[PDB]
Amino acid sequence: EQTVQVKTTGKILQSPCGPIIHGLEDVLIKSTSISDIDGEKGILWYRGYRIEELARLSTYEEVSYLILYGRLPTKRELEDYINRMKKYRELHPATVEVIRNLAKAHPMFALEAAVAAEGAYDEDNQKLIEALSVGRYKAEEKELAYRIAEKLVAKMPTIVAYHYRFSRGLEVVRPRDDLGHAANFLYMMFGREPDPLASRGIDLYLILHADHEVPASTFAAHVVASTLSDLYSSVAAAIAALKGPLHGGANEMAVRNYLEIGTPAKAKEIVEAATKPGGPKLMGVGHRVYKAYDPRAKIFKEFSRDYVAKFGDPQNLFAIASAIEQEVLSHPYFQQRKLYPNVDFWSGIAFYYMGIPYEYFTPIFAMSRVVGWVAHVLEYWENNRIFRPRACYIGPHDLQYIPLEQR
């Protein structure tokens, strides 16, 4: 037994067993080469590449390859990958039936259940499970794991879209091999090939949210994977965590708030009210890591501007958000505390205008982040260790059982 000095910005709880870092805030679980953030400068990298470059020059197909494999693909590697992903988009009939049965339920339950279901009949997954059951994880198993990772990234939009269609009493729209990842998602949701601007927005969103820190969803994936449980189950657990209101829902709440506000003229007073104790907090402003404008927000804001330039801003969402942004950027309270817009400030606007129901916002985040989840699991598996935390017992000992009739 040894003592370790752990730096945390979180709250510490007192216990007879020693201090407890509440929510293990800032506690390190591993080193990673997946993504990095410079919170002071407001820079995000995926596998060494700045998000600006990837958003500008790449696609979710290429970025997902980068996140999963650790480098940019060659032309042949990307072509083969795209073709594998296209083939993988379709779900097993049992999975589709699971989704159908959960058509009237919240989409996140359908995602959890569908991911587990799809994992149940995946032959590679079964093979990998057999291998890990005897502690074998060598070249062949790693190949299975990467194939499974690809499948999970490929299938997530299909699960989401199918649920959307069934939930609306619409006929399911199956994946089209001739469409890209983002375009095909919109096609599956709405049954028509999407406008290229709309497709670009989805692709950009997927790129921008592919990996970031170790939120509770990514952490859940690690804990499940740490027992050598399968990749599908690890992603299902990630989705279970993601559905909690403390993980996500900010981009939805930001849009609902903009609608409530109704007029950009209120921006100044809203921002002022947010500087006072008990005041309604501004959704998508401030960040635990970024003490600068979130680079993802800068990029998505520009996409949003393009979207409303083409399709209009009928609910004045972009106007309202823009007015609030300008007040946030000029208010000393926010400036002094380095509180800036984050990507959630903007990202729900296009979704809302595209006709994506609010309840599908978080599922779309899962569509993006699934690649980060699987890449994180595979990385942890390079040096796996089952998680074995503890609790401090403060209950009594040796209570005497009293017969039922005497209680």
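Residue positions are given as counts along the sequence shown, with the first one as 1.
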Hey, which bit's got the bigger mean C-alpha B factor in the entry, 209-217 or 191-199?
191-199
Which of the two stretches, 62-70 or 37-45, shows the higher mean Cα temperature factor in the record?
37-45
Whose C-alpha has the highest temperature factor in the PDB entry: 344, 359, 52, 379?
52
Tell me which of 180, 280, 157, 286 tops the list for C-alpha B factor in the record.
280
According to the PDB entry, is the CA B factor of residue 123 in the bottom, middle or top third of its chain, that is, lowest, middle or highest?
highest
Third of the chain, ranked by Cα B-factor, where residue 256 sits:
middle
Would you mind ranking residue 391 by its C-alpha B-factor against the rest of the chain and naming the third, lowest, middle or highest?
middle
Ranking every modelled residue in this chain by its Cα temperature factor as given in the entry, which third contains residue 348?
middle
By the record's CA B-factor, is residue 298 among the lowest, middle or highest third of residues in the chain?
middle
